[PDB]
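What follows is a short report on a single structure.
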Ligand SMILES: *[C@@H]1O[C@H](CO)[C@@H](O)[C@H](O)[C@H]1NC(C)=O
Ligand SMILES: *[C@@H]1O[C@H](CO)[C@@H](O)[C@H](O)[C@H]1NC(C)=O
Ligand SMILES: *[C@@H]1O[C@H](CO)[C@@H](O)[C@H](O)[C@H]1NC(C)=O
Ligand SMILES: *[C@@H]1O[C@H](CO)[C@@H](O)[C@H](O)[C@H]1NC(C)=O
Ligand SMILES: [Ca+2]
Ligand SMILES: [Ca+2]
Ligand SMILES: [Ca+2]
């Protein structure tokens, strides 16, 4: 017998977005690995949230930020009016197996 | 080592509320024990709901129901207008301690 | 003529960052303009823009022709002023036909949804006592009672649009004046127009309604003494 | 010393001529329904109403400008066990209907509408978790209590004096005319008067109640006595209002409620809250009166909020401090309840964070 | 064949006299802003507008009965990458405001309002 054990991981705020037109917040899995953050190759869900505002969901922000569970979180300054992004971070759900 | 392992229970609808004034639903832990439903001596939290309306929460109903972790669920006909109750049920949470 | 629409699609997609978004927006715009002119384009998303099918909220499904009202359970209970608006049929995600969304937002069939009386939730398939009347929440519609003999004839709310003043809002020796309030029509025997009821199943003209004073009831032509003066009951007044 | 003056909430009197020379400041009238059964009208003619129907609580009976309706519903085995269940402000001759239920749900034209809402000069908002304010420009303000149970309070700009009809009486500074019906005679008792103002002809007429529920249970007796006696105790927190408002009707209300109420604590604390709120309407800030009583209403607050005894303004919000708010331009009697503490604000998420954690909003954009 | 008629959504034409006798049924006009840049007016004059401001989309200019406003914002590196970002129906000379944002949030007098709502005939 083997049972599933899932668990959230903590917050990974790995960048401060830069003001300008080409700056933004690019929290990518490979960049997280390069910076030393442990990123599980296998996952089910991730969750994004603005780092400075941890209460309102991403949608209520209304900014063009795309998170995908396979690739990460992106915010580019140009897509948003005002031509700036917020500060964001995400967490990953890592799951493994433990013998019964 | 010893770690707490906890999980929810299933839904327990042991009665169908009766029309009239004294009628209603009386889902009590003592009745659950008597009827043969498994009742954990220790618990953390329990959840009540209407069995026939599995979406809209208790407070959205607006009816007078008292539902507590120590006793269970009670809806009395005479306290509502019209003097009736809905068909409710509830579930409990059981936690034990398993060696690591 | 689709040439301006093609120019729009070209410009958008070649310029759009999520060029799929602007492409599907331009195609949707052409479809909607055509539906405005009176053409029903359907099944136009073959192998294209299907991520807008899949992203639907749970319990909802895409629909190519949403030509009117969103079917709500509250509305089938107590009508809806929202839902009498003529708009050009747009597309989008909606509850499937014959099903309704409850106040929780989930989609359930009619049988799973309560009937709302006075805004009070009443589970389906339940008979309740209210105002000396016996009512039931059958499949989302509320039907209550409590084919006549005396001049007052039956009135049924099944044909009338939801919200009409039913037998509960019966022109009566008291409610003729105050004006009745009720969000739920009830079927029952009601006097023919030009009269009211005595409250006991009869029909009486509006100029002979008995006057009520201090739990009593007095027929017109009766007099009472209040303090040092005497009143007489005429036309529902003293 | 002659030359001095003292102004009450309703009038100002100067010590002169060897007497008190009293003029009146204009006073908004105040109706209320407390305990689901008791009614204090604009003429302050307190009376009990054990009915089960929708009653026209108040109405400017010249026109149909506004019509406050209250649905009182029987809540137990006894015919005299009632609870208020809704407050349906009809308006514009029925064109609009704001229906505040007993759970707190607010229905705008029979559609759910969260709070606040500001439209057609009508402003709906919760000063605290216990009360809902329905402020209109037509003159009347509704202040509805949900915790511990459902009570209603109505305020009128004194301009409507001697014009209204309905349960709350015609507001003409005369207690003998309050039972004027539509037939031109003063009705005898409460229920006989109310049964002329029922909304639906199919309702059952209210009945006069002599049997005190207090006589039933000796434990109910001692419980209600030992708690409701906190009203008339001259050393109690309530004593500060004794020299202004006679607490005998409020003590009778507390007795009758607690004895008759299945949830004795709920009706008891409703009575004490009613006394406090009436006194604070007269202009006394009764505080810290819940010693060893009604504390389960301290604790049950929503998380990140806290109790407050003097809530005398709007609710401090991040949106409001960012871009002002129509809400905070309404004057209402200082009610108590659960609110965020000072120096904190609730964001659109509703959680209570300090000013540093909540964002400025430009054009509706969350600007961190 | 002669005697036949066909009605478009905007007009009805009868085949007679060897010609089409056409009368005009009432037609509600239709402006639109599509792609965030292109505008189809009421007279069907399609034209593109690459702007960064709030523009008075339509207004009965004799008075201020209503004023449908559109805010168009630049969305990219280039100055011609625009998106519609709000629709602010200003009403009663600005006394009432219904602001539909881009994510679906609807604001009645800058207060979040869930849908549906029904008040002031709106
Ligand atoms: C009421 O009297 C006090 C004491 O004289 C005074 O300070 C206050 O201004 C008065 N209120 C008025 C004038 O509104
Ligand atoms: C207030 O009421 C007046 C009169 O009915 C109405 O014209 C107006 O639109 C309402 N709202 C405001 C903000 O004045
Ligand atoms: C449009 O033409 C058809 C075909 O003659 C006819 O049946 C229909 O009634 C017409 N629509 C009208 C008259 O509104
Ligand atoms: C609709 O508009 C009229 C005209 O100003 C106004 O008097 C009324 O209050 C509005 N609402 C309704 C429900 O009629
Ligand atoms: Ca970052
Ligand atoms: Ca049950
Ligand atoms: Ca009076």
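Along the chain as shown, residues are numbered 1 onward.
According to its header, this structure was worked out by electron microscopy, 3.0 Å.
Placement of Cβ uses the backbone N, Cα and C atoms for every residue, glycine included.
Copied over from Swiss-Prot, here are the features:
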- E:75-E:83: disulfide bond (DISULFID)
- E:7: N-linked glycosylation site (CARBOHYD)
- E:121: N-linked glycosylation site (CARBOHYD)
Do any of the recorded positions E:7, E:83, E:121 touch ligand 3, in the sense that the CB is under 6 Å from one of its atoms?
E:7
Out of the recorded positions E:7, E:75, E:121, which are near chain D, with a C-beta less than 8 A away from one of its C-betas?
none
Neighbour count first, Cβ atoms within 10 Å, every protein chain included; then name which of E:7, E:121 tops the list of glycosylation sites.
E:7
Using Cβ atoms only, which residues of the same chain lie under 8 Å from residue E:75 (disulfide bond) while being at least 6 residues apart in sequence?
E:36, E:81, E:82, E:83
Run through the Cβ atoms and count how many others sit within 10 Å of the one on residue E:83 (disulfide bond).
22
Recorded positions satisfying Cβ distance under 8 Å to any chain C Cβ, from E:7, E:75, E:83, E:121:
E:75
Candidates from E:7, E:75, E:121 close to chain A, where recorded positions are judged by Cβ under 8 Å:
E:75
Can you list which of these recorded positions (E:75, E:83, E:121) have a Cβ closer than 6 Å to ligand 4?
E:121
Look up residue E:75 (disulfide bond) in the DSSP assignment and reduce it to helix, strand or coil.
coil
